[PDB]
Structures are given as structure tokens and as C-alpha cells.
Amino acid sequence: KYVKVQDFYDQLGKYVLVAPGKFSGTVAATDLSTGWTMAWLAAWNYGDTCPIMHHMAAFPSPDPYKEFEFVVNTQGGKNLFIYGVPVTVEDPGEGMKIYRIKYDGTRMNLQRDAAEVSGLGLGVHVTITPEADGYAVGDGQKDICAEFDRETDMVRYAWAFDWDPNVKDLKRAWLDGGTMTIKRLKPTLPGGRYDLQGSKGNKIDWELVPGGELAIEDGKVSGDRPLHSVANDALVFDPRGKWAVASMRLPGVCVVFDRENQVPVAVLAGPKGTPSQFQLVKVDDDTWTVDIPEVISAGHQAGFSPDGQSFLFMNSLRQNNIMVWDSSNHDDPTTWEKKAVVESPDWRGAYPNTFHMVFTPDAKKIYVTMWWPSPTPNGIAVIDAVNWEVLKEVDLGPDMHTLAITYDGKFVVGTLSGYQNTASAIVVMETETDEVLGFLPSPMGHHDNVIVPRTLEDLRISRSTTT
């Protein structure tokens, strides 16, 4: 007579979902085989006075139910004021913490703040290296990305990015083009430490919010140096090793870095109607520039296919599409050429934006969230990643963020986050016939989620290769 929710979980397999909660100040692991929260952690318990829990990634574990480690970062200061919540803390903590947490099979344990260890505080995307020997973080207020060692939490390399606009007016600073500088960042304090915790290095006093990139042109984003912003977002990894790609939202480019030799090698041009690449110019052993005649569109989410054959960059607002490069030539990224653009006649307005992504293990399909401001339903576009065409779009609810996939490829698990004030949930979609199976409660404002990987192979479709 009665339906058991246990029958629903039985089909999903033995997979652990982990997500941060943005304004909730919390992070939580969920057993998809039972519906239990396995453990949660509230950063306010550790004296965090602005625990905006932002991005996260989990290292592979041979058995996540026995133990797994993850990295979750924070934002602070005026980031607290930019969602609909009538917050009262006029002078919050500066955030940019990089927390190391271990689930030990019973509880979450706060290990340390890697920003205190390294001296480098960064507040946007967190990714695991394909070797699971380290992690990377980007930041779009200070325009810095870095790869960190997993054992020591020390910086392996850090890059700072700067914009020199052709026209010194916020309305024209990106549209009329300019020169981006790529600068090696070296430690300045004893013990190989940086002096870049909290708000140190901020060019703008809050993040460019989802869909909000062009507010900076209209003078709506306060800061020391907004004319010089590029809004770095992430450093994603080629699953084949060697390369990391830094995404720059405002100039609409991605920079390909040699991880081992610690140099940039290529600049990918995001907008449809631009060449495959812009020319990287070496100035000195620590300094490169790239000239961009005009920025046709901002961009945001970025990722590799799990076989490394495709590199994707999402153009936003001025164009809404997925730009696709042929990255098949692992030896030389300067050869990576545009091969496709995913477009839809249904992507008509400034919104929706092509947003977060996850590939199937075989790289034949990609799931991409479609983001709108309140109250238009957000949802998932199902994309044929062989012919680069939209198969299907499904309406789900408010403020959709990240997608993960069970490592058998069977279920996509996504987050909806209520713009930090309304309805939020986990969504489950089966990948065989792309039906939405329904929602699980999730009282959190997640801008990220992962399924805990078991193998290095699993990482190729987790928070390593894509945002």
C-alpha cells in the first residue's frame, strides 16, 4: 500500500553527495543509498564570523563511507549584502578562507585553514589536481589563482592577472578591448608565505554574482581598482595532466598554464566570431601580456571533457552559448582550435546563461545548468557532446548551480539554491532517458556539489576538469 523512500535510494548506488551552503554557513555529506545526512559542519562553531561557504572539491577515497577529505573555501566582507537577505552585520569577517575538512566515517573534522598556512586567501572555484596530490583555487575579487600541495597546503605556483583597458571608462573598459598582464606571484613573508589573506589584494569589494558580470561597467561594483578587474573564476585541470586552464570572466578568455614549468602557454578567445586564440607575449621571466582588440562577451563556466579531447568555455549575457575547442593535441595547446559552438533558438534573452556542467564517463553527453534571475524557472540542458547539439531542456526551479554525476554515469545530482532566501533542493535525473526523478530537501544555498570519487578516473567527471 505505502511507498518506501528507501526504494528510491536503493537504485542510486553507494554514492556520497557533499555540498556547501553559501549563506547557511554549513557543509554536509549525504548518503544517496539511505537519505541520511552522514555529517555536517557549521563554520560559526570554529569562530568564523562570515562563513559564506562557497566552492568545494573532494579528493578520491578507496571507501568514502570510511573516510574522505575535501576542501571548502569562504567569501566575506560585502559579499554578505548582495543576495536578497536583509543581513545586519555591517562589518563582516573578510572570508577568503580555504578550509581542509576530513570526514572520518563518523564526523567532519576541521583540519586547518590553508589560507593561514600558505598566506594566500582565495574565495571562488576549488578543484582537485588529476593526480589527487593537490588542489587549486581562483578568485575574482583579487584576480589570483594558485595550485596548492595536498600534504603541506603550500602554494606550488600562483598567478595574478591585471586588465589595462584601451578606454579608461568602466562602460567601455572591456568592450573597447585592452591588454591582460599575467604575473608570477612569489611569497613575501618568512617560511615561503604570501601576505594575501582575507581582503588583501581585492580590486572589487564583492564578487560579480551569477549573471551579474556587467554591473561593474555601470559603476555598481565598488572597489580600489575595478578598471583593472578580469574576474578570474577557476583553474580547471586537463585530465591527461600537464595543463591547467584559468578562466577570466570579464575579458572573455581562458589562459592555459604549464603546471610543471610554471609558465602560461596559450590564451583561448571565448566569444563566437573571435579567432581560436589571442597571441601570448613574454615580457620577462615573470610577466606575459595578451592584447584583446575588443571583448565581444563575458564568459564564466569552463571545463575539459573526461578524455581531454574537448575544452569548453560558456559565453554569458552578450552571447549565451558553449564555445568548444579541439584540445586533442596534448603536446601543444597553441594548436587548440575552435571546433563547435552549442547554441539554441530557446537561448534568446540576456538569460538564460549556459552555466555549470558535468559529462557522462564516455564523454558522449553533457548536462549544463541554465540560470535565470528570480522568478523564471532554472533547469538542465541535456547536450549531445558528439554533434554538440541540445537534445532536451527541463524546467526545475529557482537558482540552479552545479551538477555532479554518479561515477557509473547513471544519475545526475544537481543543486537549486533559492538565491539564498527561497526554495532549495537536490535534484536527481537518470541519464538513460533523461527523466527528472525528483527532489531531496537541502536547506542550503549551494554554489557547488560533488559526489565523492573513489579513483583518479572518477575525478575526470568531478570538480577537477570542470566547474
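Each residue number is its position in the shown sequence, starting from 1. Whichever C-alpha set is largest while still superposing within 1.5 Å between the two forms counts as the rigid core.
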RMS Cα shift after core superposition in 4 other deposited structures of this protein, winner of 209 to 217 and 375 to 383: 209 to 217
Which of the two stretches, 162 to 170 or 341 to 349, moves more in 4 other deposited structures of this protein when the core is held fixed, judged by C-alpha RMS distance? 341 to 349
Taking only the CA atoms, which stretch has the higher mean B-factor in the record, 131 to 139 or 294 to 302? 294 to 302
So, looking at the entry's B-factor column for Cα atoms, which has the higher mean, 86 to 94 or 385 to 393? 385 to 393
Among the choices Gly121, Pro377, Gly308, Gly105, identify the one whose CA B-factor in the record is greatest. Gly308
Highest recorded Cα temperature factor - choice among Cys145, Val209, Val126, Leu312: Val209
Would you mind ranking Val16 by its C-alpha B-factor against the rest of the chain and naming the third, lowest, middle or highest? lowest
What third of its chain, lowest, middle or highest, does the C-alpha temperature factor of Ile451 fall into? lowest
Of the three thirds of its chain by CA temperature factor, lowest, middle or highest, which one includes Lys186? highest
Just say lowest, middle or highest third for the CA B-factor of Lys4 relative to the other modelled residues in its chain. highest
Please rank the C-alpha B-factors of the chain's modelled residues and tell me whether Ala246 sits in the lowest, middle or highest third. lowest
